[PDB]
Amino acid sequence: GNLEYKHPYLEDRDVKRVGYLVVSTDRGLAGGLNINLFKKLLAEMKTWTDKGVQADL
Amino acid sequence: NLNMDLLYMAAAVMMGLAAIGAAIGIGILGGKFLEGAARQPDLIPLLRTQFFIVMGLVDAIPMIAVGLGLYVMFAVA
């Protein structure tokens, strides 16, 4: 708005490591739901760990 | 004669007091104008408008006193 603040959560910084909040089902018989998600996550976590930044889940 | 010795003091006071009054009054009145502007810029034209509208009413008695002080310091003295 007409004023702005320097709060951390609003502006970027150097990515030294990333956090992921992973939502999964508690029950099976859902088909591929969980595994598609985990594969996508693993791909992007691999990207980030190639740049040498750890990740936390 | 003795008149020269008191009038140049009476006017002095009569105008220094009006100085104090107008100075402090306008300082205070403009402070809130600046804080409002810094709070909500682009309302500045409207703030300035009604500021000048009000400010005109602050000068009344101080300027009357200045006028009468001068009317004494020269036209009476």
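Residues numbered from 1 in each chain as written, not as in the entry; some residues may be left out. Chains lettered and ligands numbered in written order. Part of a larger assembly, values for the part shown. Heavy atoms only, no water.

By the method listed in its record, cryo-EM, this PDB entry was determined to a resolution of 3.1 Å.

Chemist: How would you summarise the overall build of chain B if you had to cite specific residues and measurements?
Modeler: The number of helices and strands found in chain B is three helices and zero strands. Relative to a compact globule of 77 residues, whose C-alpha radius of gyration would be 11 Å, chain B shows 18 Å and is clearly more extended. The principal-axis extent of the C-alpha atoms belonging to chain B is close to 60 × 15 × 10 Å. Buried positions account for 12% of the 77 residues belonging to chain B. In chain B, the proportion of contacts linking residues at least 24 apart, taken out of those at least 6 apart, comes to 72%. In the structure as shown, chain B presents an accessible area of about 5700 Å², 76% of it carried by carbon and sulfur atoms. (Helix = DSSP H or I, 4+ residues; strand = E, 2+ residues; numbered from the N terminus. Rg over C-alpha atoms; globule rule 2.2 N^0.38 Å. Buried < 20%, exposed > 50% of the residue type's maximum accessible area, 1.4 Å probe, protein only. Contact = heavy atoms within 4.5 Å. Areas by Shrake-Rupley, 256 points an atom, 1.4 Å probe, with all protein chains shown as cover.)

Chemist: Now, about the packing of aromatic side chains: what can you tell me, with residues and values included?
Modeler: Enumeration over the complete set of coordinates arrives at two aromatic pairs over all chains. Members of the aromatic cluster, each reached through a chain of ring pairs, are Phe33, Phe51 and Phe52 of chain B. (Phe/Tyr/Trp six-rings, centres within 6.5 Å; stacked < 30°, edge-to-face > 60°.)

Chemist: Tell me about the pattern of salt bridges, and please be specific about residues and values.
Modeler: All names here are of chain A. Applying the stated criterion to the full structure yields three salt bridges over all chains. With a closest N to O distance of 3.3 Å, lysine 16 and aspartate 14 form a salt bridge. Assessed through its relative accessible area of 60%, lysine 16 is described here as exposed. As a salt-bridge pair, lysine 46 and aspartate 50 come within 2.6 Å of each other at their nearest N and O atoms. Residue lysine 46 and its partner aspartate 50 are located together in helix α1 (residues 33–50), separated by four residues, close to a single helical turn. (Salt bridge = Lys/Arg side-chain N within 4 Å of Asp/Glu carboxyl O.)

Chemist: Give a detailed account of the packing of helix α1 (residues 3–39) of chain B against helix α2 (residues 44–58) of chain B, specifying residues and quantitative values.
Modeler: Residue and element names in this part refer to chain B. Contact geometry for α1 and α2: axes closest at 10 Å, N-to-C directions at 170 degrees. One element, α1, and the other, α2, form an angle in the roughly antiparallel class. Counting all contacts with α1, which are made through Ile26, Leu29, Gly30, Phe33, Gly36 and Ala37, the residues of α2 involved are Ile44, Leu47, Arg48, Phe51, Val54, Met55 and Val58. Residue classes in the contact of α1 with α2 are distributed as ten nonpolar, two polar and one charged. (Axes fitted to C-alpha atoms, helices over the stretch in contact; angles between N-to-C directions. Parallel < 35°, antiparallel > 145°, perpendicular 65-115°, else oblique. Nonpolar A, V, L, I, M, F, W, Y, C, P; charged D, E, K, R; others polar.)

Chemist: Please give an account of α1 of chain B that cites residues and values.
Modeler: Counted at 1.5 Å a residue, the expected span for α1 of chain B with its 37 residues is 54 Å, and the 55 Å between its end C-alpha atoms agrees. When we look at burial in α1 of chain B, the residues that qualify are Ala11, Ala18, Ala22, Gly30 and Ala37 of chain B. (Expected span 1.5 Å × (residues − 1).)

Chemist: Account for the packing of α1 of chain B against helix α3 (residues 60–76) of chain B, naming residues and giving values.
Modeler: Residue and element names in this part refer to chain B. Here α1 crosses α3 at 165 degrees, and the two axes come no closer than 9 Å. The angle between α1 and α3 places the two elements in the roughly antiparallel class. For the crossing formed where α1 meets α3, the hand is left-handed. Here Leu7, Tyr8, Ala11, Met14, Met15, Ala18 and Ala22 of α1 come into contact with α3, specifically with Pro62, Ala65, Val66, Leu68, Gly69, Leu70, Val72, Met73 and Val76. Across the contact of α1 with α3, the residue classes break down as 15 nonpolar, one polar and no charged. (Left-handed = near helix turned anticlockwise from the far one by under 90°.)

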